[PDB]
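Engineer: Input start.txt, format and content: compact mmCIF, C-alpha atoms.
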```txt
# COMPACT_ATOMS: atom_id res chain seq x y z
CA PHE T 24 -13.59 -17.92 19.42
CA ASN T 25 -10.28 -17.41 17.53
CA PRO T 26 -8.13 -20.14 19.22
CA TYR T 27 -4.92 -18.20 18.29
CA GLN T 28 -5.97 -14.87 19.81
CA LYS T 29 -3.60 -13.52 22.52
CA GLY T 30 -3.24 -10.37 24.58
CA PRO T 31 -5.68 -7.63 25.54
CA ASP T 32 -7.93 -5.84 23.00
CA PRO T 33 -5.56 -3.47 21.14
CA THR T 34 -4.88 0.28 21.60
CA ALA T 35 -2.53 2.59 19.63
CA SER T 36 -0.43 3.37 22.79
CA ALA T 37 -0.01 -0.36 23.75
CA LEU T 38 1.31 -1.02 20.20
CA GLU T 39 3.82 1.91 20.41
CA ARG T 40 5.80 0.21 23.28
CA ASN T 41 6.99 -3.26 24.43
CA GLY T 42 3.85 -5.44 24.87
CA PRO T 43 2.33 -7.17 27.94
CA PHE T 44 4.13 -10.59 27.50
CA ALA T 45 7.24 -10.92 29.65
CA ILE T 46 9.92 -12.38 27.33
CA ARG T 47 13.31 -14.00 27.74
CA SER T 48 16.01 -13.97 25.04
CA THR T 49 18.72 -16.61 24.40
CA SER T 50 21.60 -16.83 21.90
CA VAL T 51 21.36 -19.54 19.21
CA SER T 52 25.03 -20.44 18.51
CA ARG T 53 26.47 -20.83 14.98
CA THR T 54 27.77 -24.28 16.10
CA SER T 55 24.21 -25.53 16.89
CA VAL T 56 22.67 -24.82 13.38
CA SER T 57 23.73 -25.63 9.73
CA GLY T 58 21.03 -23.62 7.77
CA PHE T 59 21.82 -20.15 9.26
CA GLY T 60 24.36 -18.19 11.39
CA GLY T 61 22.44 -18.66 14.70
CA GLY T 62 21.02 -15.50 16.29
CA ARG T 63 18.83 -14.18 19.15
CA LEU T 64 15.64 -16.05 20.20
CA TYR T 65 12.98 -13.95 22.03
CA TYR T 66 9.94 -15.77 23.51
CA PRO T 67 7.01 -15.02 25.85
CA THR T 68 7.63 -16.74 29.24
CA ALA T 69 3.78 -17.10 29.67
CA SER T 70 2.33 -20.61 28.96
CA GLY T 71 0.69 -21.06 25.51
CA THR T 72 1.55 -21.92 21.88
CA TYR T 73 2.56 -18.84 19.80
CA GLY T 74 3.22 -17.98 16.13
CA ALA T 75 6.90 -18.18 14.99
CA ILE T 76 8.59 -15.20 13.23
CA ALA T 77 12.12 -15.26 11.72
CA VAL T 78 13.69 -11.82 11.08
CA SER T 79 16.76 -11.23 8.80
CA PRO T 80 19.20 -8.36 9.05
CA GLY T 81 20.37 -6.77 5.79
CA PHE T 82 23.80 -6.72 4.15
CA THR T 83 26.57 -6.73 6.87
CA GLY T 84 23.72 -6.62 9.47
CA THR T 85 23.85 -8.69 12.70
CA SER T 86 20.92 -9.88 14.89
CA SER T 87 21.90 -7.00 17.28
CA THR T 88 20.74 -4.41 14.60
CA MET T 89 17.19 -6.01 14.71
CA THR T 90 16.82 -6.53 18.56
CA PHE T 91 14.00 -3.85 18.52
CA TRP T 92 11.91 -6.32 16.37
CA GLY T 93 12.78 -9.33 18.59
CA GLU T 94 11.54 -7.53 21.72
CA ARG T 95 8.61 -5.61 20.13
CA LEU T 96 7.10 -8.71 18.38
CA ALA T 97 7.87 -11.32 21.12
CA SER T 98 6.50 -8.99 23.91
CA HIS T 99 3.10 -8.95 21.96
CA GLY T 100 2.93 -12.78 22.00
CA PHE T 101 5.24 -14.29 19.31
CA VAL T 102 8.32 -16.59 19.35
CA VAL T 103 10.82 -14.46 17.36
CA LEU T 104 14.25 -15.59 16.11
CA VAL T 105 16.41 -12.68 14.88
CA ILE T 106 18.95 -14.55 12.67
CA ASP T 107 22.61 -13.83 12.03
CA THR T 108 23.61 -14.83 8.46
CA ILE T 109 26.18 -17.58 7.70
CA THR T 110 28.30 -14.64 6.32
CA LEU T 111 27.68 -10.84 6.57
CA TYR T 112 27.73 -10.81 2.69
CA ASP T 113 24.91 -13.36 2.06
CA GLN T 114 22.56 -12.36 -0.83
CA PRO T 115 18.74 -12.18 -0.59
CA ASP T 116 18.25 -15.75 -1.93
CA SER T 117 20.61 -17.06 0.83
CA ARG T 118 18.83 -14.90 3.48
CA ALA T 119 15.51 -16.51 2.28
CA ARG T 120 16.90 -20.08 2.78
CA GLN T 121 18.35 -19.04 6.21
CA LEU T 122 14.91 -17.59 7.30
CA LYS T 123 13.25 -20.89 6.24
CA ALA T 124 16.01 -22.81 8.19
CA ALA T 125 15.44 -20.58 11.29
CA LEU T 126 11.67 -21.33 11.17
CA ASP T 127 12.35 -25.12 10.76
CA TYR T 128 14.78 -24.82 13.72
CA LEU T 129 11.95 -23.21 15.80
CA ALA T 130 9.63 -26.16 14.80
CA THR T 131 12.37 -28.74 15.75
CA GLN T 132 13.12 -26.96 19.11
CA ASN T 133 9.35 -26.86 19.84
CA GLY T 134 9.53 -30.71 20.06
CA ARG T 135 12.61 -30.98 22.37
CA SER T 136 12.09 -30.93 26.21
CA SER T 137 15.74 -29.64 26.38
CA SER T 138 14.50 -26.35 24.74
CA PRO T 139 13.24 -23.26 26.61
CA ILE T 140 10.59 -22.99 23.80
CA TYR T 141 9.42 -26.66 24.26
CA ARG T 142 5.71 -26.82 23.18
CA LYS T 143 5.71 -22.94 22.95
CA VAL T 144 5.44 -22.77 19.11
CA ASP T 145 2.45 -23.44 16.83
CA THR T 146 4.59 -24.86 13.98
CA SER T 147 1.59 -24.29 11.58
CA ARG T 148 1.80 -20.43 11.99
CA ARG T 149 5.10 -19.01 10.69
CA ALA T 150 5.94 -15.54 9.33
CA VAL T 151 9.06 -13.84 7.95
CA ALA T 152 10.45 -10.28 8.14
CA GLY T 153 13.76 -8.51 7.47
CA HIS T 154 15.58 -5.29 6.59
CA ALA T 155 16.93 -4.51 3.05
CA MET T 156 18.48 -7.75 1.62
CA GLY T 157 16.83 -9.43 4.66
CA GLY T 158 13.57 -7.83 3.33
CA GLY T 159 14.16 -9.37 -0.13
CA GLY T 160 15.11 -12.59 1.72
CA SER T 161 11.78 -12.53 3.67
CA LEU T 162 9.77 -11.97 0.44
CA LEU T 163 11.60 -14.81 -1.46
CA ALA T 164 10.99 -17.11 1.57
CA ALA T 165 7.25 -16.16 1.51
CA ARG T 166 7.17 -16.73 -2.30
CA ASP T 167 8.75 -20.20 -1.95
CA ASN T 168 6.67 -21.06 1.20
CA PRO T 169 3.03 -19.94 0.68
CA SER T 170 1.97 -21.78 3.90
CA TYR T 171 3.67 -18.84 5.77
CA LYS T 172 1.04 -16.53 7.33
CA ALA T 173 2.76 -13.13 6.77
CA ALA T 174 5.85 -11.32 5.42
CA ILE T 175 7.13 -7.85 6.43
CA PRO T 176 9.96 -6.76 4.11
CA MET T 177 11.33 -3.46 5.55
CA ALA T 178 13.18 -1.26 3.00
CA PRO T 179 13.35 -4.38 0.76
CA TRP T 180 16.26 -4.80 -1.68
CA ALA T 181 16.51 -7.42 -4.50
CA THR T 182 18.18 -7.51 -7.99
CA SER T 183 14.66 -8.14 -9.53
CA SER T 184 11.09 -6.99 -8.66
CA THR T 185 9.51 -9.53 -11.17
CA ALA T 186 10.79 -12.31 -8.78
CA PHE T 187 7.76 -11.43 -6.51
CA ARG T 188 4.92 -11.79 -9.15
CA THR T 189 3.81 -15.10 -7.47
CA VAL T 190 3.88 -13.93 -3.75
CA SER T 191 0.78 -15.46 -2.08
CA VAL T 192 1.55 -14.44 1.58
CA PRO T 193 -0.04 -11.31 3.15
CA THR T 194 2.83 -8.81 2.72
CA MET T 195 3.29 -5.46 4.51
CA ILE T 196 6.25 -3.48 3.00
CA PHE T 197 7.87 -0.51 4.83
CA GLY T 198 9.56 2.19 2.69
CA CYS T 199 11.85 5.12 3.72
CA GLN T 200 11.06 8.00 1.26
CA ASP T 201 14.78 9.18 1.21
CA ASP T 202 16.48 5.76 0.59
CA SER T 210 12.97 -0.49 -5.03
CA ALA T 211 10.19 -1.14 -2.41
CA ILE T 212 7.40 0.12 -4.76
CA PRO T 213 8.35 -2.01 -7.82
CA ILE T 214 8.40 -4.96 -5.32
CA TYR T 215 4.91 -4.03 -3.94
CA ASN T 216 3.56 -3.52 -7.55
CA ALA T 217 4.90 -7.00 -8.57
CA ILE T 218 2.92 -8.80 -5.79
CA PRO T 219 -0.34 -10.26 -7.22
CA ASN T 220 -3.25 -7.87 -6.40
CA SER T 221 -5.10 -11.09 -5.30
CA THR T 222 -2.47 -11.20 -2.45
CA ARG T 223 -3.39 -9.19 0.71
CA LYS T 224 -0.71 -6.44 0.64
CA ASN T 225 0.12 -3.09 2.24
CA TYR T 226 2.86 -0.50 1.62
CA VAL T 227 3.72 2.21 4.22
CA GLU T 228 6.41 4.80 3.34
CA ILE T 229 8.05 6.49 6.39
CA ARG T 230 9.68 9.96 5.88
CA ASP T 233 17.64 6.70 6.21
CA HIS T 234 17.66 3.30 4.42
CA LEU T 235 17.89 2.17 8.12
CA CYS T 236 14.73 4.14 9.19
CA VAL T 237 13.22 0.60 9.83
CA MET T 238 16.43 -0.65 11.63
CA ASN T 239 16.55 -0.78 15.52
CA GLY T 241 15.41 4.25 12.94
CA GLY T 242 13.35 6.69 15.07
CA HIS T 243 9.91 5.73 13.59
CA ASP T 244 10.03 2.71 15.99
CA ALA T 245 6.60 3.67 17.49
CA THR T 246 4.72 3.73 14.12
CA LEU T 247 6.62 0.90 12.32
CA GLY T 248 6.42 -1.32 15.45
CA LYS T 249 2.63 -0.70 15.74
CA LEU T 250 2.05 -1.50 12.04
CA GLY T 251 4.30 -4.62 12.26
CA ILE T 252 2.80 -6.09 15.50
CA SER T 253 -0.67 -5.37 13.95
CA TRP T 254 0.23 -7.22 10.71
CA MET T 255 1.59 -10.31 12.56
CA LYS T 256 -1.51 -10.29 14.89
CA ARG T 257 -3.96 -9.95 11.98
CA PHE T 258 -2.30 -12.70 9.85
CA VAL T 259 -0.19 -15.05 12.10
CA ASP T 260 -2.97 -15.11 14.79
CA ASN T 261 -5.98 -14.34 12.41
CA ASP T 262 -6.62 -11.57 14.97
CA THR T 263 -9.34 -9.45 13.25
CA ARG T 264 -9.22 -7.14 16.36
CA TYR T 265 -6.23 -5.55 14.48
CA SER T 266 -8.21 -4.85 11.21
CA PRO T 267 -8.62 -1.16 12.30
CA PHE T 268 -4.77 -0.99 12.63
CA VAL T 269 -3.90 -2.50 9.12
CA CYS T 270 -7.01 -1.39 7.05
CA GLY T 271 -9.49 0.72 9.13
CA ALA T 272 -9.67 4.07 10.97
CA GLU T 273 -6.43 3.66 13.03
CA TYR T 274 -4.30 2.71 9.96
CA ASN T 275 -5.93 5.65 8.08
CA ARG T 276 -4.90 7.96 11.04
CA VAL T 277 -1.26 6.60 10.93
CA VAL T 278 -1.16 6.81 7.08
CA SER T 279 -2.61 10.44 7.00
CA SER T 280 -0.02 11.91 9.49
CA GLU T 282 5.40 10.86 9.14
CA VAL T 283 3.90 8.58 6.40
CA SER T 284 4.61 10.15 2.95
CA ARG T 285 2.66 7.46 1.00
CA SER T 286 0.80 4.15 1.44
CA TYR T 287 -0.94 1.61 -0.85
CA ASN T 288 -3.04 -1.39 0.03
CA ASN T 289 -5.79 -3.60 -1.38
CA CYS T 290 -7.83 -3.25 1.89
CA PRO T 291 -10.21 -4.50 3.06
CA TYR T 292 -8.83 -8.05 3.81
```
Can you dump the structure from the file as structure tokens?
Structural biologist:
Amino acid sequence: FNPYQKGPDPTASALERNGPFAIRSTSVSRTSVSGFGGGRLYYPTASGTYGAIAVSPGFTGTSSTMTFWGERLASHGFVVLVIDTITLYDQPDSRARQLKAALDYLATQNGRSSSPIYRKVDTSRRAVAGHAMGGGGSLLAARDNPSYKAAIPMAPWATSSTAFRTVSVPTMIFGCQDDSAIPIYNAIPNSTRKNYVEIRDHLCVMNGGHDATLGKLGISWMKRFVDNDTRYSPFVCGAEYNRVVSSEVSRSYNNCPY
């Protein structure tokens, strides 16, 4: 009995579409929060306590460019806050701090009976994700906050790959072959559970056309690590992953099994 397990036993097709949790979304206003630029909160309406995921857009990106991830993750049983940055021009380090703020905001809101997500978040199970500089942001957050359960940097950008040589959070990186992501993956300690999947734009991961495959891989990673849902092992390490990776995928690395 995994107490964090949610949703039906997984299938490829169910992971290639919006999931079985009905979700609502609300706007988090800039005026309500000091540590980030507000954003879009997606949450399963169904009773329960869920893992919390904060997702960063990249450089000049808005929460609206990442709504795919809000809906896709939340609809498979996560509370997902797609942040807007304090400015469009915020660097990775600032995106990292804003992702950490967004997760702390989710923990604070969890405890307020005023909040639609009152008692809906397991504040012990947090993950980060983001696109480009938001990817670098997610990975810096995960570096600084090893209690986090998972990171998914998608087309990650940073000024240094050696910055990630202490990452201790299970990290799935998405690459777009015709775009940095590999030096980042190589820098992560091989003692850290990690996975690289290269799709064949820079915004091939952004709201992209490989939505099916990237969504499946991403939900699977959050399930496996945020929920400890070993039902998804076939989808991140086993026969299903190997099917995905063998097809659309130019290259993949991992240190499977986990």
Engineer: What's the 7 Å shell around residue 201 of chain T, counting only C-alpha atoms, without same-chain residues fewer than 2 positions away, as a PyMOL selection string?
Structural biologist: chain T and resi 199+230+233
Engineer: Excluding segment 255-263 of chain T and its own-chain neighbours fewer than 6 positions away, which residues fall within 7 Å of it when counting all atoms listed in the file? Please give them as a list in words.
Structural biologist: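 That gives residues 27, 28, 74, 148, 149, 150, 172 and 173 of chain T.
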Engineer: Hey, can you pull every residue with an atom no more than 9 Å from (22.5, -16.6, 13.5), using all atoms listed in the file, and send it as a PyMOL selection string?
Structural biologist: chain T and resi 50-53+56+59-63+85-86+104-109+121+125
Engineer: Could you save the residues just selected, with C-alpha atoms, as a PDB file, in the coordinates of the input?
Structural biologist:
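The file below, selection-v2.pdb, is the result:
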```pdb
ATOM      1  CA  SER T  50      21.600 -16.830  21.900  1.00  0.00           C
ATOM      2  CA  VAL T  51      21.360 -19.540  19.210  1.00  0.00           C
ATOM      3  CA  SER T  52      25.030 -20.440  18.510  1.00  0.00           C
ATOM      4  CA  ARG T  53      26.470 -20.830  14.980  1.00  0.00           C
ATOM      5  CA  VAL T  56      22.670 -24.820  13.380  1.00  0.00           C
ATOM      6  CA  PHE T  59      21.820 -20.150   9.260  1.00  0.00           C
ATOM      7  CA  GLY T  60      24.360 -18.190  11.390  1.00  0.00           C
ATOM      8  CA  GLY T  61      22.440 -18.660  14.700  1.00  0.00           C
ATOM      9  CA  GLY T  62      21.020 -15.500  16.290  1.00  0.00           C
ATOM     10  CA  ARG T  63      18.830 -14.180  19.150  1.00  0.00           C
ATOM     11  CA  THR T  85      23.850  -8.690  12.700  1.00  0.00           C
ATOM     12  CA  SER T  86      20.920  -9.880  14.890  1.00  0.00           C
ATOM     13  CA  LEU T 104      14.250 -15.590  16.110  1.00  0.00           C
ATOM     14  CA  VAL T 105      16.410 -12.680  14.880  1.00  0.00           C
ATOM     15  CA  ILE T 106      18.950 -14.550  12.670  1.00  0.00           C
ATOM     16  CA  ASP T 107      22.610 -13.830  12.030  1.00  0.00           C
ATOM     17  CA  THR T 108      23.610 -14.830   8.460  1.00  0.00           C
ATOM     18  CA  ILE T 109      26.180 -17.580   7.700  1.00  0.00           C
ATOM     19  CA  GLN T 121      18.350 -19.040   6.210  1.00  0.00           C
ATOM     20  CA  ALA T 125      15.440 -20.580  11.290  1.00  0.00           C
TER      21      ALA T 125
END
```
Engineer: What are the nearest atom pairs, with distances in Å to one decimal, for all residues of segment 97-177 of chain T that come at most 10 Å from segment 246-253 of chain T, using only C-alpha atoms, set out by chain and rising residue number as CSV?
Structural biologist:
```
residue,atom,partner,partner_atom,distance
T:97,CA,T:252,CA,9.2
T:98,CA,T:252,CA,9.6
T:99,CA,T:252,CA,7.1
T:100,CA,T:252,CA,9.3
T:101,CA,T:252,CA,9.4
T:152,CA,T:251,CA,9.3
T:174,CA,T:251,CA,9.7
T:175,CA,T:251,CA,7.2
T:177,CA,T:247,CA,9.3
```
Engineer: Between atom CA of residue 264 of chain T and atom CA of residue 24 of chain T, measure the distance and give it in Å to one decimal.
Structural biologist: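 Atom-to-atom, atom CA of residue 264 of chain T to atom CA of residue 24 of chain T, that is 12.0 Å.
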Engineer: One decimal, Å: what's the distance from atom CA of residue 67 of chain T over to atom CA of residue 142 of chain T, could you say?
Structural biologist: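 Between atom CA of residue 67 of chain T and atom CA of residue 142 of chain T the gap is 12.2 Å.
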Engineer: For residue 68 of chain T, please output as a ChimeraX atom specification all residues within 8 Å (counting all atoms listed in the file; exclusion window: fewer than 6 positions along the same chain).
Structural biologist: /T:44-47
Engineer: Which one of T:76, T:168, T:120, T:96 sits closest to residue 146 of chain T if you count only C-alpha atoms?
Structural biologist: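 For residue 146 of chain T, the nearest of the given residues is T:76.
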Engineer: Would you list the residues near (3.7, 11.6, 13.3) (no more than 10 Å away, in the coordinates of the file, using all atoms listed in the file) as JSON, numbers by chain?
Structural biologist: {"T": [229, 230, 243, 245, 246, 276, 277, 278, 279, 280, 282, 283]}
Engineer: Need to verify the contact set: residue 289 of chain T, 8 Å, all atoms listed in the file, exclusion of same-chain residues closer than 3 positions in sequence. Can you return it as a ChimeraX atom specification?
Structural biologist: /T:220,223-225,292
Engineer: In Å, rounded to a single decimal, give me how far atom CA of residue 211 of chain T is from atom CA of residue 88 of chain T.
Structural biologist: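 Separation between atom CA of residue 88 of chain T and atom CA of residue 211 of chain T: 20.3 Å.
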Engineer: Kindly indicate which residue among T:284, T:239, T:102, T:179 lies nearest to residue 200 of chain T, using only C-alpha atoms for the distances.
Structural biologist: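 Checking each candidate against residue 200 of chain T, we get T:284 as the closest.
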Engineer: Which is closest to residue 212 of chain T among T:236, T:178, T:192, T:270, if we use only C-alpha atoms?
Structural biologist: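 Ranked by minimum distance to residue 212 of chain T, first place goes to T:178.
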Engineer: Which polymer residues have any atom within 8 Å of an atom of segment 153-164 of chain T, counting all atoms listed in the file, with same-chain residues fewer than 5 positions away left out, as a VMD selection string?
Structural biologist: chain T and resid 78 to 82 114 to 120 122 to 123 174 to 181 186 to 187 190 194 234 to 235 237 to 238
Engineer: Write a file of the selected residues as a PDB file, in the frame of the given file, keeping C-alpha atoms.
Structural biologist:
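Saved as selection27.pdb:
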```
ATOM      1  CA  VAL T  78      13.690 -11.820  11.080  1.00  0.00           C
ATOM      2  CA  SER T  79      16.760 -11.230   8.800  1.00  0.00           C
ATOM      3  CA  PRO T  80      19.200  -8.360   9.050  1.00  0.00           C
ATOM      4  CA  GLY T  81      20.370  -6.770   5.790  1.00  0.00           C
ATOM      5  CA  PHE T  82      23.800  -6.720   4.150  1.00  0.00           C
ATOM      6  CA  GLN T 114      22.560 -12.360  -0.830  1.00  0.00           C
ATOM      7  CA  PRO T 115      18.740 -12.180  -0.590  1.00  0.00           C
ATOM      8  CA  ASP T 116      18.250 -15.750  -1.930  1.00  0.00           C
ATOM      9  CA  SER T 117      20.610 -17.060   0.830  1.00  0.00           C
ATOM     10  CA  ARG T 118      18.830 -14.900   3.480  1.00  0.00           C
ATOM     11  CA  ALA T 119      15.510 -16.510   2.280  1.00  0.00           C
ATOM     12  CA  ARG T 120      16.900 -20.080   2.780  1.00  0.00           C
ATOM     13  CA  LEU T 122      14.910 -17.590   7.300  1.00  0.00           C
ATOM     14  CA  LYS T 123      13.250 -20.890   6.240  1.00  0.00           C
ATOM     15  CA  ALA T 174       5.850 -11.320   5.420  1.00  0.00           C
ATOM     16  CA  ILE T 175       7.130  -7.850   6.430  1.00  0.00           C
ATOM     17  CA  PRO T 176       9.960  -6.760   4.110  1.00  0.00           C
ATOM     18  CA  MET T 177      11.330  -3.460   5.550  1.00  0.00           C
ATOM     19  CA  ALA T 178      13.180  -1.260   3.000  1.00  0.00           C
ATOM     20  CA  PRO T 179      13.350  -4.380   0.760  1.00  0.00           C
ATOM     21  CA  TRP T 180      16.260  -4.800  -1.680  1.00  0.00           C
ATOM     22  CA  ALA T 181      16.510  -7.420  -4.500  1.00  0.00           C
ATOM     23  CA  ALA T 186      10.790 -12.310  -8.780  1.00  0.00           C
ATOM     24  CA  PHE T 187       7.760 -11.430  -6.510  1.00  0.00           C
ATOM     25  CA  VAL T 190       3.880 -13.930  -3.750  1.00  0.00           C
ATOM     26  CA  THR T 194       2.830  -8.810   2.720  1.00  0.00           C
ATOM     27  CA  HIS T 234      17.660   3.300   4.420  1.00  0.00           C
ATOM     28  CA  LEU T 235      17.890   2.170   8.120  1.00  0.00           C
ATOM     29  CA  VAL T 237      13.220   0.600   9.830  1.00  0.00           C
ATOM     30  CA  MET T 238      16.430  -0.650  11.630  1.00  0.00           C
TER      31      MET T 238
END
```
Engineer: Which one of T:90, T:110, T:275, T:266 sits closest to residue 33 of chain T if you count all atoms listed in the file?
Structural biologist: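 Among T:90, T:110, T:275, T:266, it is T:266 that comes nearest to residue 33 of chain T.
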